[PDB]
Every structure is written in C-alpha cells, then in structure tokens.
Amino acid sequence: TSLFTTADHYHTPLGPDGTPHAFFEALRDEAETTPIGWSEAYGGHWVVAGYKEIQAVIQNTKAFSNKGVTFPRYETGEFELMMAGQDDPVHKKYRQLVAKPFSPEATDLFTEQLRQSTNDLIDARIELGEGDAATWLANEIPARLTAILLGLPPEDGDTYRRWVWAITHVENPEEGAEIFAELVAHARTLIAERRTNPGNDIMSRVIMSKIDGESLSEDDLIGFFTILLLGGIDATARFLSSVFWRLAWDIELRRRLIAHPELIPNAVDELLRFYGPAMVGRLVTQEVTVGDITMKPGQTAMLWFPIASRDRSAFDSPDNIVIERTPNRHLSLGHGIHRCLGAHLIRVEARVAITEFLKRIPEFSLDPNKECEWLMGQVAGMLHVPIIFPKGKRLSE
C-alpha cells in the first residue's frame, strides 16, 4: 500500500490532535523511498513530496506552467488568477505593477496601525474570558488590513469571506459561480469609483498603470482585485488561526516567546515551515523527467509543500518547532518567480499579532467545551479555535 494513491489535499486524514500532521509525517516517511507518487484523486495526478523534487519542478517553468496553479481550479468564473495563474513574460509584467506596494518599506508603514488594530480587536472580548481566536482575531487582522490596501470597507469582512468561500470551497458549482459573480459586481463598482476618485491604494495604482503602452482592461483590474483579496485574507487567516491554536496548548513554546520577544520573527518563520497553509499545482506542458518519474503534457503535479517542509534531508529534526532554526529555507511561501508577493506582509502581520496577543493574554487554553476545526484544501489550517482565558481589561475604555 502507498499513501500517495489516495492523497487528496482537500481530504487529508486528521489525527487525534485535530491536524493532518500525523498523516503528513507518515507521507514524509514514505517520500524517502518515493518522493513523487501517483494519486488517483481528481482523475489522476502527481503528488510531489520530496524537497529537492519540489525545487526541481518549481524552477522548471519551461515544463511546469502556472496555468495549473489551482487544482481543482478555483471558482473565478471566466477570469484567470492574476499573476499566480500566468507564465512569463506575461506574469512578470503584471507583477511589476504591484511590486512596490508589497515591498518591505511600503508594508512596514502599516506596522503600528496593525498593532493598534490588533489591540482594538482584542478589546472586544478580553473582558469576557472566551472567544474563537480564529473568528475573533485571525480572520479579522488580515481582512481589515487587506480591505484598507484595496480601499474596501474594513467592517465588511463577512462579505469578503463569503466570496472567498465560493472561490475555494462551495461544492455546488452553480452556487459557487453565483457568489463569485457577487465579488465581480463589487469589484466593478469599486473600480468605477476609483477611476474618478483615485487614491494611494493598490487598486488606484493598477487602474492608472499601463503595460506596453495600454491601460489595463476592466477584466484585468477585476483580476488584480480578486487575487489581492484572496491572497490577503485567506492563507493569512488560516496560518494565524493555526498559530493561535498551537500557542493555546503548547505552553513551552508560548513561555519562550513571552520571555524572548526578540525571537518572535524567527519563530514566525518556523511556524510558517510547520503550519504553512498552501500547496500549489503545475500544469505539465512538455514531457519531463523528475527523479524516477516521467510526466506528460496535460498532467498536473501538486507541490505538497508541507511534506517537503518536513524532509529530513533538508532540515534537522523536522518534526520539532525549533524557534531558533536558520537558515530555514522552507517552501511555505513558494520559491522562484512566483514566490509569495505578500511574504513580508504576512511576516509583519504575524509578528504583531503574536506580540500583542501574548502581551494582553499571556494565559489561555483551548476551550474544553467547544470543538476546534481544521479546514482542508489548497489553503489549509484551523478554522475554529475556541479558547478560554482569565478576564482582563480593555485598553480603550
């Protein structure tokens, strides 16, 4: 028997802790013998689990196209995924338009604003002694910031999350497509308003941009809106949720981050290795051999970053969260020409979220009377993290 044969990133066996990590560890073990295996899920596809094999695939853009970046394809109607779903030279020209606002200096401008935001969110339940850390904090910190980056109302996160749910999970394809069309209607309204009232936000920037002398089409602009909203609120929320869950029970990790706040950036990087939500696909466009396996045009390869992030030939003691680990060249943010546009931004969001939360609520635990829930898929992580804690005091009021 092989664990590859029924591997499916939307249906990962969960262990007694509520995560897929026992299964990932078992697949990692098998991958030492077979780093690429055939799964019969989704009609048949390749699962790439070894670290060096994922590196080989993700560097080989001639044979492995980002037209397959989501598999099964995300529900975005007739729209492509902007940047993420493109190959060069097209990909590079679109990404250049938004490189500046995602640079470390540009995103660092939001640091203290994120800190204030995080504290305002914590104020809403600190006097109560209980909350779902995912819905209360993890969902809201990145959704509010993303809203501000796109010039959306930050208070409407439930609307934005409903759109993303349709893109990533709704099973009835008519329904999912209709809800995605709601996002598209709102994007058109936003774009029309920005045209007349341009600001310093990222949508105004791409609206005023040109490629090869031509303004972007309304469709390309909707594409930018979609990928930035999607990227900004989904994997960030799942990652932060998984982190709050881990900190709720892992009292040893928690006390160390309180004692050594200077280690929080490196610990965020290690938590990205361990809880990185993402996997990505590639469409095979030319016959290619990777290790023992020859892939053929039209096949899809899924890059199982969480398994490669646990590869013993790439990391010492990969099953331990070693907060001082360097260089820690994990693949949770990708590698090569598509490497995550939001990399620096999530590092800042996570550092601030963890720092302020542990400052405000150093003592907390999982609620024994409510269930946690792990969401599976191409972006995976805790969805519900009910916690309890001693009642504390609001900063504002």
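Don't overthink the numbering: it's just position in the shown sequence, from 1.
Mean CA temperature factor is higher for 387-395 when stretches 3-11 and 387-395 are set side by side in the entry.
Legend: mean Cα B-factor per stretch from the PDB entry, 184-192 versus 216-224; the higher mean is in 216-224. In this entry, the residue among 275, 244, 79, 249 with the greatest C-alpha B factor is 79.
Comparing the listed residues 309, 326, 200, 86, the entry records the largest Cα B-factor for 200. Annotation for residue 289: C-alpha temperature factor in the highest third relative to the rest of the modelled chain, per the entry. Split the chain's modelled residues into thirds by C-alpha temperature factor. Residue 70 is in the lowest one. Among all modelled residues in its chain, residue 371 ranks in the highest third by Cα B-factor. Ranked against the other modelled residues of its chain, the C-alpha B-factor of residue 53 as given in the entry falls in the lowest third. Split the chain's modelled residues into thirds by C-alpha temperature factor. Residue 20 is in the lowest one.
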